[PDB]
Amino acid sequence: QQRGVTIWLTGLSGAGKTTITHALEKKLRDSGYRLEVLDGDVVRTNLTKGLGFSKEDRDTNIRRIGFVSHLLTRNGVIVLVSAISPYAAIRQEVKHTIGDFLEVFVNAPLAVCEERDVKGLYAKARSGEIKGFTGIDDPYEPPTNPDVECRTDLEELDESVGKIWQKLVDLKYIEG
């Protein structure tokens, strides 16, 4: 049994949002659930191609992802969003529009993300090669009341996915 819902992963670059998204996607698909993934890194090559990382463009980006997530959710689809989405007021705006919405705070310390520097972006932010990088010289406003929080430096992947899954069960979006 399946009801529409947007599962919204927010957090720093490198915090592990994509990894959780993919593991959660697999778990859901293997149970027969109907889903769509909207990953910021990927949709910025199509749906939101042309946008940069100014405040205006991040707002446009998140609002556009929210638009598509809303249409899918209200038609019964489970939508997995993975996007830095650093502005709380914008996340709240999307949550309010969609209603069936779960905010997942993928919470890793800045220092941990910077040490791994998976795509080399932190070093480029520090040197000034890149301007306005989230967490270094651009805001990240952490969720104050997320529905699920995953402290990825302190919990195993299965534990993080498990908490999202259990929340979906508790709220009866998927079968227990």
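Residues carry their position along the shown sequence, with the first being 1.
According to the deposited model, is the average Cα temperature factor higher in 157-165 or in 11-19?
It is 157-165 that shows the higher mean C-alpha B-factor.
Per the record, averaged over C-alpha atoms, which has the higher B-factor: 38-46 or 24-32?
It is 24-32 that shows the higher mean C-alpha B-factor.
Determine which member of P142, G66, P146, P139 has the highest CA B-factor, using the values in the deposited entry.
Result of the comparison over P142, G66, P146, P139: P142.
Is the Cα B-factor recorded for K95 in the lowest, middle or highest third of its chain?
Middle third of the chain for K95's C-alpha B-factor.
Taking the values exactly as deposited, rank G132 by C-alpha B-factor within its chain and report the matching third: lowest, middle or highest.
For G132, the deposited C-alpha B-factor lands in the lowest third.
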